[PDB]
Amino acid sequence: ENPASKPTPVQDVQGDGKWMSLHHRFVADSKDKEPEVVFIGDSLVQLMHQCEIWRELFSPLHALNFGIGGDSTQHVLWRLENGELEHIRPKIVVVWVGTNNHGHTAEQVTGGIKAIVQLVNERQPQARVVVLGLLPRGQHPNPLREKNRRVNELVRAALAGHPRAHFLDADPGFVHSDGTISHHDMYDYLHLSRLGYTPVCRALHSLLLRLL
């Protein structure tokens, strides 16, 4: 099987159960709330809630944020199949995941993203799906930049025929002309600072407002 599309939870190898606690909180959120937009993905989604304001942009759209740091595509797929899409009927589901899929080829990661879009199209067929491109990472040129670019080319080609599936390249140009990423935009060359989040969130908010 493609490991990126075989749904599985993140196994607890530490002992505090925190990943399942997070998923269960999100299942209870979907049980108790009626969002128009649900966001799901990895830390780039999760820390937007905190580390961008979120409140200025996305709160007024009636949104839930199911980002979890460290998730790969198959973990997001499992969470969507195991309660986080129940009891709700969102207009838009925003997906941002794949940069953590270490050991999967770009084609495998793309298959994971396609499986997520297909699951959302089955369980929540009224919703449009937005998929964000994977951002560049690392301070200098490196294989994960090339991998993430290739995922983005394959995902964009896969969604091009798909009316209510929308690919969004939210990258304002974080890789400069000298090949570097600034720590002012990504403090550890992966995770966005508040400054890094501003252009990303504005691009995503403009698209969401269009679609809504």
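Numbers for residues come from their place in the sequence shown, where the first is 1.
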Worksheet item: What stretch has the higher average Cα B-factor here, 71 to 79 or 126 to 134?
Response: 126 to 134
Discussion item. If you average the CA temperature factors as listed in the entry, which stretch comes out higher, 45 to 53 or 171 to 179?
Written reply: 45 to 53
Response to the item:
Among 186, 27, 144, 159, the highest C-alpha B-factor in the PDB entry belongs to 159
Worksheet entry | C-alpha B-factor winner, where the candidates are 201, 13, 22, 192 | 201
Worksheet item: Can you tell me which third, lowest, middle or highest, the CA B-factor of residue 152 falls into for its chain?
Response: middle
Worksheet entry | Third of the chain, ranked by Cα B-factor, where residue 58 sits | highest
Worksheet item: Which third of the chain holds residue 5 when residues are ordered by C-alpha B factor: lowest, middle or highest?
Response: lowest
Discussion item. Using only modelled residues of the chain, where does the Cα B factor of residue 38 rank: lowest third, middle third or highest third?
Written reply: middle
